[PDB]
> 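Attaching a single structure in structure tokens format; questions to follow.
Chain A is the first sequence line, chain B the second, and so forth, proteins listed ahead of strands; every chain is numbered from 1. Values below: every heavy atom of this structure, side chains too, minus hydrogens, waters and symmetry copies. Just so you know, ligand 1 is whichever comes first in the structure, and atom 1 is the first atom listed for that ligand.
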Protein chains: 4
Amino acid sequence: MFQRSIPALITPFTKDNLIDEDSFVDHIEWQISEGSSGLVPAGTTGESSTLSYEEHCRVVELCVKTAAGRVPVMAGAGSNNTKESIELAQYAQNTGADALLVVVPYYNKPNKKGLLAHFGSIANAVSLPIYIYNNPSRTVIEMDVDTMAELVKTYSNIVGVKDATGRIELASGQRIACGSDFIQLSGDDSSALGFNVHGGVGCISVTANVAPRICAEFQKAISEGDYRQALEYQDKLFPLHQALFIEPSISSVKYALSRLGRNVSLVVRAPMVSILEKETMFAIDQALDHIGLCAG
Amino acid sequence: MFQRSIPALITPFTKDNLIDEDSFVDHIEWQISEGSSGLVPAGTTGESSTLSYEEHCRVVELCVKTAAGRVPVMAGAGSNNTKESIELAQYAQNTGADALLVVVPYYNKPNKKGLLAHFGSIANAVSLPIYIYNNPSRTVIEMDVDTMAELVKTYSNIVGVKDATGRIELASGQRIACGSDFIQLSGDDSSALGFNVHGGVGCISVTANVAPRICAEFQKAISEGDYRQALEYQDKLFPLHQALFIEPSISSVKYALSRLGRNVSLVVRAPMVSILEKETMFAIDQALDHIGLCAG
Amino acid sequence: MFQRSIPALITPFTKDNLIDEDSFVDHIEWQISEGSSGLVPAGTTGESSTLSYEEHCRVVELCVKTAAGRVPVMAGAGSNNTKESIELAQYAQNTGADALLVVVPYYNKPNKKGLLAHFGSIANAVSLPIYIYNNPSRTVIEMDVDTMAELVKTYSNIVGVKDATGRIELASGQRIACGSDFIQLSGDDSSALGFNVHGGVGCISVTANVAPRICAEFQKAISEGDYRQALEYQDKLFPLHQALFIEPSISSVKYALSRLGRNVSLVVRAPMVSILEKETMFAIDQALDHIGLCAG
Amino acid sequence: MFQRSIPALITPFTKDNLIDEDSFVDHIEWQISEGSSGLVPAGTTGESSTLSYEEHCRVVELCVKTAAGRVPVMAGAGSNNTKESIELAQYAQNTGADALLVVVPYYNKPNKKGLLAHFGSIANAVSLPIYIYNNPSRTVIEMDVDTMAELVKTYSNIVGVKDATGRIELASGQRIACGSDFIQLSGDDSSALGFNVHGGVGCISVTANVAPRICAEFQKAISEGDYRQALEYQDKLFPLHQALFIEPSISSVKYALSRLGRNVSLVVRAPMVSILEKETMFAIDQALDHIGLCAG
Ligand SMILES: N[C@@H](CCCC[NH3+])C(=O)O
Ligand SMILES: N[C@@H](CCCC[NH3+])C(=O)O
Ligand SMILES: N[C@@H](CCCC[NH3+])C(=O)O
Ligand SMILES: N[C@@H](CCCC[NH3+])C(=O)O
């Protein structure tokens with residue numbers, strides 16, 4: 001259901017700090033037309049941390065309606081509060097999302113029993129498929145392979161992982177412990193190539209916001225087994241992947257999209273800031289031009 | 001204003017998962033009569049992550065009202081969303097809190113510019129004194145000493161730090177960069193002793209929830225320069241400091257409080273769980289026995 | 001020159017703690033006959049830390065003589081003392097090694113200028129090709145991509161890397177910064193598959209000591225672009241890769257070889273110990289049997 | 001026996017890269033007359049990694065002879081090769097050293113069983129007191145408190161620790177597990193103050209090479225319980241503690257000594273380099289000026 005290049009969509013804001021709904025709808029249409037295979041609204045890259053409950057729901061709602069069944073929608077339902085996750089998960093189901101992305105809780109650092117209680121409570125509260133989002137670089141704690149396998153064995157609708165660890169040996173361990181039917185998606189653009197050869201089938205991607213067509217061509221080469229061609233795309237994309245997280249990727253992606261002529265403002269919500277260093281903007285501009293993305 | 005032993009208060013819940021207001025008031029009264037010198041409600045140990053906005057405000061309001069000016073109240077106003085932090089901070093000011101505890105944003109990983117914008121926006125929106133809560137073991141990012149000093153120089157109401165790093169050399173760096181008028185409080189029970197000899201003046205403490213009198217006597221001896229007696233207290237308290245974070249401190253503290261016979265239920269909110277391993281519970285019982293506070 | 005499966009050879013010892021030269025010669029012959037493509041004597045897995053200078057030289061000498069030109073020999077010349085590295089490097093050249101493996105210095109933590117002085121002094125002292133061995137999990141410091149590229153640009157005989165980081169995004173960065181002619185070899189068995197699709201051409205391998213034939217078949221599938229078959233081998237090998245470093249791989253490899261009927265004693269040199277926990281031996285035995293390696 | 005300020009002595013070299021014996025003797029004499037209470041020759045700050053076996057022994061012999069029983073001598077006998085450690089330890093005993101400093105093995109990463117075998121074998125081969133040097137920032141592995149306590153319980157000549165972790169809570173754990181007769185010495189200049197109030201009795205110090213008198217006055221004030229005066233010294237010394245490890249401490253200390261006008265050349269041994277960045281040198285000059293020891 002979810003495979004190849006799946007953008008973790010930005011949430012564009014107006015000059016007055018409201019949701020820029022027109023810009024968001026335009027962004028989704030453009031992503032679909034350039035070859036993105038699925039959509040993740042209201043995730044980390046969507047600045048879900050700085051959305052209200054109502055805005056978060058509206059972002060998921062708009063994405064589902066705009067996709068109109070052409071591509072599947074995996075709604076962000078991540079929280080460090082299980083009660084809030086269930087409410088976001090039930091909202092997404094009732095509005096027509098195809099699946100849920102649920103991050104390992106951040107800041108309060110549950111132990112293994114807490115991870116089982118968190119993901120099990122969410123799984124019992126909806127019937128949608130659930131992807132575990134494992135990202136210790138943001139959550140500190142890491143779900144281990146034993147816990148992940150127990151959850152897959154216990155709950156039929158825990159079906160996959162967004163693995164942002166960048167340690168691709170874990171993809172082998174997850175494939176063996178959880179089964180080859182467990183759906184593994186890379187959560188790290190720069191290692192998504194090797195992640196797929198270890199058993200992944202796609203990437204929930206930051207860079208796809210900015211370069212959706214090449215990102216899709218890259219994942220298509222992989223799924224066709226043309227790994228020589230996939231490595232050519234990797235060499236082209238790698239500098240952009242890297243330049244987009246010199247500073248926080250939220251503001252770097254919006255900077256790049258604005259520069260490319262997309263109708264996306266630079267506005268982000270504190271504690272993100274839209275001011276980038278000149279050296280950062282230079283690195284992004286050079287990586288964009290290497291790929292050849294400026295229409296002008 | 002804030003010195004010696006300051007509990008990071010637990011938030012007790014009823015069996016039906018409401019705030020147990022009677023238990024909370026009783027805990028505060030007991031804390032004050034056993035010698036705690038201040039109170040931090042609705043912090044990390046207070047399970048702020050799983051309180052609603054309404055419940056968070058209620059916990060702060062009820063602490064301020066109960067304390068009634070007897071000891072100063074430093075309200076938790078931490079969030080990874082600057083707008084939410086401003087709203088919690090202004091509610092705490094309006095309800096009568098004496099100061100604010102503001103954690104470095106978690107999960108979304110702002111850069112230094114983002115930290116300046118976050119703490120600056122809060123400082124601009126209230127007149128209360130603000131304490132920076134630096135805890136990279138939960139937030140991943142760490143505020144560095146240049147950033148902390150710049151905030152202190154820029155905003156007269158950024159007055160201190162809760163330093164949970166446990167790396168005591170930072171207390172010297174912060175003392176030199178921010179000045180000796182900068183109020184440093186340990187955020188790490190096990191190294192609070194060394195933190196004060198490097199320039200700290202107290203501890204925002206997990207263990208004080210369970211053993212307020214002995215923690216207060218410990219901080220009193222340091223304040224009086226009786227560091228020989230303080231080491232004796234360190235040796236009695238250290239096993240309990242350590243036993244309370246074998247598993248998450250929230251559940252460990254509430255278990256210890258029930259073991260002491262206080263009117264605190266074991267209920268915590270998911271993703272936290274109240275069930276502790278048998279070996280954890282026995283480690284806590286033995287450390288409590290060692291301070292006589294049970295068996296003897 | 002170096003490609004596919006290259007064992008980091010153990011150094012077997014007698015009951016009386018001398019070099020077991022017969023066992024070592026037998027091990028090399030067997031490796032060559034099972035398909036290993038190159039040899040690394042007197043590296044980390046060869047217990048180079050506990051060899052005298054004279055033993056180290058003798059191990060390199062024996063390996064070169066035994067290989068007799070059938071496969072190339074990359075002699076370990078690693079030290080945290082540049083003077084010692086030059087002496088080991090010149091010995092290896094003069095005895096007929098085909099190349100050198102030079103680890104980033106351990107324990108004394110040189111800075112970038114020290115890495116340039118170390119690798120440049122060695123490169124100027126021999127004419128053999130040199131592979132940089134980057135392994136921060138043992139050395140703490142990590143050579144960065146800029147330093148590695150500068151060394152490749154400055155010294156024509158610095159030609160490759162054994163990359164033990166297990167972070168395969170670095171293979172993309174090294175390929176771009178150093179060129180596609182820079183020879184990248186995985187130093188991490190469990191991620192060698194994805195390392196090759198990012199641009200690696202082989203693996204200097206711990207596990208190849210124990211399962212040389214499957215390890216060679218695995219690397220041959222990769223070099224033929226049969227990545228579906230390579231993933232089948234990965235699933236078979238991954239449990240063995242992992243079980244061999246539950247405890248130090250030196251003693252785990254020797255345990256496994258002894259169990260398989262090879263003429264290799266369990267003897268290792270302190271601070272390694274040959275005693276393994278029963279759970280470790282069980283995990284190794286199950287992984288060996290899954291692969292089907294016991295002749296009996 | 002070992003207390004207060006104990007320099008981890010540099011090893012000066014002549015312009016022709018021999019041991020500068022006259023400079024070494026002069027450094028020791030000066031150290032003793034400025035109030036250092038003990039001496040550690042041929043340690044990490046002594047560049048033990050780049051000394052030959054013969055030179056290492058010579059450095060220990062010359063220190064013992066120069067000291068002449070005036071202050072006790074704790075000889076570096078660290079190696080990652082147990083056999084080498086035994087040989088250095090027995091040479092130090094035979095030449096007249098008073099104790100031994102033995103680092104946790106680096107690079108080859110023994111497990112706990114290996115640590116017991118390493119330190120047990122050394123303890124069995126000498127009658128001198130042995131101090132465990134725990135420094136995971138250089139060795140990666142850390143000896144845990146149960147292992148340290150088991151070694152202390154098992155071997156009567158394992159008497160103390162040089163604890164370079166800088167995590168002061170470990171001093172309390174070691175004090176409780178190993179007993180208050182266990183001799184704890186800070187291995188981290190910047191946190192030595194807090195380490196002693198937690199139970200330490202001195203510091204094996206890098207900074208003492210450069211400022212022996214003030215370091216001795218600092219440790220004297222702690223010994224006398226004048227922790228107010230000790231904090232004043234902390235504030236004067238901390239910028240120099242920090243300036244001496246911007247770049248590797250070896251070269252930084254020798255640069256500071258030349259800046260003071262001592263007869264110490266800048267020569268260090270590769271992979272260390274003597275060239276320091278201009279900003280590093282100025283940070284060192286300013287910190288020296290701040291303790292008046294130059295300009296005033
Ligand atoms: N800032 C809070 C609330 C976000 C709620 C909507 N996603 C958090 O990151 O958990
Ligand atoms: N769970 C969210 C919202 C909590 C808001 C009330 N304290 C967070 O931890 O940021
Ligand atoms: N044990 C020392 C010497 C080994 C010399 C022969 N390889 C080291 O690891 O550097
Ligand atoms: N360089 C080797 C040998 C030094 C032997 C004399 N100290 C090591 O650091 O282990």
> On the 0 to 90° scale, with breaks at 30° and 60°, tag the C:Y53-C:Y91 ring pair as parallel, tilted or perpendicular.
perpendicular

> Could you tell me which atoms of ligand 1, counted from 1 in the order shown, lie closer than 4.0 angstrom to a heavy atom of A:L51?
4 (C), 5 (C), 6 (C)

> Is it the case that ligand 1 has an N or O less than 3.5 angstrom from some N or O of A:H56?
yes

> If you compare all heavy atoms of A:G78 against all heavy atoms of A:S85, which two are closest, and at what distance to 0.1 Å?
C-OG, 4.0 Å

> Does any non-hydrogen side-chain atom of D:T50 lie less than 4.5 Å from one of D:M272?
no

> I need the atoms of ligand 1 closer than 4.0 Å to a non-hydrogen atom of B:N80, numbered in the order shown.
1 (N), 2 (C), 8 (C), 9 (O)

> For atom 3 (C) of ligand 4, what's the nearest protein heavy atom and its distance?
C:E84 OE2, 3.8 Å

> Which of these, C:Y107, C:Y106, D:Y107, has its nearest heavy atom closest to atom 8 (C) of ligand 3?
C:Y106

> Give the residue, atom name and distance (to 0.1 Å) of the protein heavy atom nearest atom 1 (N) of ligand 3.
C:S49 O, 2.6 Å

> Using a 4.0 Å cut-off to any heavy atom of C:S48, which atoms of ligand 3 qualify?
4 (C), 6 (C), 7 (N)

> At under 4.0 Å between heavy atoms, which part of C:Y53 makes contact with ligand 4: side chain, backbone, both or neither?
neither

> Which heavy-atom pair separates A:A42 from A:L51 by the least distance, and what is that distance?
CB-CD1, 4.4 Å

> Of all the heavy-atom pairs spanning A:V267 and A:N17, show the shortest one and how long it is.
CG1-OD1, 4.3 Å

> Which heavy atom in D:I130 sits nearest to a heavy atom in D:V102, and how many Å separate them?
CG2-CG2, 3.7 Å

